[PDB]
């Protein structure tokens, strides 16, 4: 049974909001909560941040918020810090189902000397640590929203959406899937196939796993979910198990879905992409197809959606 969301006037806009707040005059939002998403064996912390924007900074699923961390820009004296962008991990209604909050999925960027292993906090990532160090009531300078690459194509409510994430790249897909399955959105009744592939380092590094597993039990004919755990699993050619390796386990199903018009999405750190391309090229070759020609047609058909960073 789908969760009631409000206010339904968030469905009325026909275009996504863009640059509602700009860096020189951000919106001062308020932290609701910060929690770690990961267990003790995870190589680093990733946190879920809930931000009260008061309904002043609405967005569509797949967009990003900008955050301006405090302090001076180290490269421009007297100037504010540069915006850092974060894929929004919530639906437009947010985790409180009220249209007032949005959420981020933030990996702490921590510096370690490559030899001594000693941490150096002075070289840690500024905005990511600022966010994961935040507490209820803290203020955040919010900009945006921005981005259109990862908007969800809703013209066909029975479309197929193949979602390929590593790490924090799961963020837009958390939003897609809540809109598809969790929330009572009368004007978007999804009856297609949503297929999430997620690569992380180990079980303790999984993000939102209980939520995704719940969809398998609630929507077994509309949702599929496959995981790759790089430090705990090995591919058939015995490298570490990466998200491209799990795609290959479903080579024929995936290529048939693409040929049938499926959308495919990639999100996360950009290092995930060269290997995914290598696997797709090899899968195509085994089928007697040219991956170059296939990718050109997927791009021409607007089926190929990549936001990596």
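Positions refer to the first chain, counted from 1.
Relative to one another, 159-167 and 232-240 have unequal mean CA B-factors, and 232-240 is the one with the higher figure. The stretch 201-209 shows the higher mean C-alpha B-factor when 201-209 is compared against 186-194 in the entry. Per the deposited record, 41 carries the highest C-alpha B-factor of all listed residues (256, 41, 48, 53). Per the deposited record, 115 carries the highest C-alpha B-factor of all listed residues (138, 115, 98, 154). Compared with the other modelled residues of the chain, the Cα B-factor recorded for residue 218 ranks in the highest third. When the modelled residues of the chain are ordered by their C-alpha B factor, residue 260 lands in the middle third. Residue 271 sits in the highest third of its chain by CA B factor, as recorded in the PDB entry. Among all modelled residues in this chain, the alpha-carbon of residue 32 has a temperature factor (C-alpha) in the lowest third. When the modelled residues of the chain are ordered by their C-alpha B factor, residue 149 lands in the middle third.
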